[PDB]
């Protein structure tokens, strides 16, 4: 790497450890969990991860926090297997934690059907020799539902607003730190492309909603830090123009899809091409058959909802 030999300014922070005075990245940058120091004896976690990373995240958590009885909150953006998979495994080690999530997210953990999908996907990600810890029941998690527009006063230095951001999933929320101009955006802007510096759209429920969410997030004060559900912490113009860029990349995808369909292409064609182009990034946390499946689903949603070309 070049970066061995020069102290340049990094636009993306992608290593575990301290990101800012109040903020650490725990576990794996691929599916990170963030730690906020709220106080001398108080902490919050943000993003709920994949189950197989339990011990990775737990060891990093213990590097910074001598007493895990001091972790008081755990904010969750949405119900997908990769954003809540640690909860049953680490909540039992966090006796004072309250999970904060949307009503629709909380409802999913009460659904036998939903919880078993979450379990099925997370089991496929266990590494060689890994055994998960003892789990809590999903319906026994210490949860509180949070609402659109709600101010979460996590502590005297940390007040974060819950902003509804449906479209990626029907339950997706994001969390905005007004003081720090720092947005925890989950998968609402898509998947950040590490080779190209652009957003790949992740529209798995509703395109109109996904665009409207981005429209709304573009109106926040200019971001200084943008923290998606995968890949680390973005700063500079990548943060400041994140929501706008995410929006345009989604339009672009619609244009490609509707153009190729014009030429009589099947949806499966663009899907295999998107799986080929984009699937490599998430191979270590999303089974490849399921990335292609998700690509096809997104293209179905766009095909139905995109404004026609004539």
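Numbering follows the first chain given and starts at 1.
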### Task
With reference to the PDB entry, specify whether the mean Cα temperature factor is higher for 145-153 or for 73-81.
145-153
### Task
Averaging the C-alpha B factors as listed in the entry, name the stretch that ends up higher: 24-32 or 252-260.
252-260
### Task
Between 172, 235, 116, 179, let me know which has the highest C-alpha B-factor in the entry?
116
### Message
For the CA B factor values reported in this entry, which option in 185, 224, 100, 140 has the top one?
### Response
140
### Task
Rank-wise, by C-alpha B-factor, drop residue 45 into the lowest, middle or highest third of its chain.
lowest
### Query
Is the Cα B-factor recorded for residue 93 in the lowest, middle or highest third of its chain?
highest
### Query
What third of the chain, by the recorded C-alpha B-factor, contains residue 214?
lowest
### Query
Sorting the chain's CA B-factors, does residue 245 end up in the lowest, middle or highest third?
middle
### Message
When the deposited Cα B-factors of this chain's modelled residues are ordered and cut into thirds, is residue 239 in the lowest, the middle or the highest one?
### Response
lowest
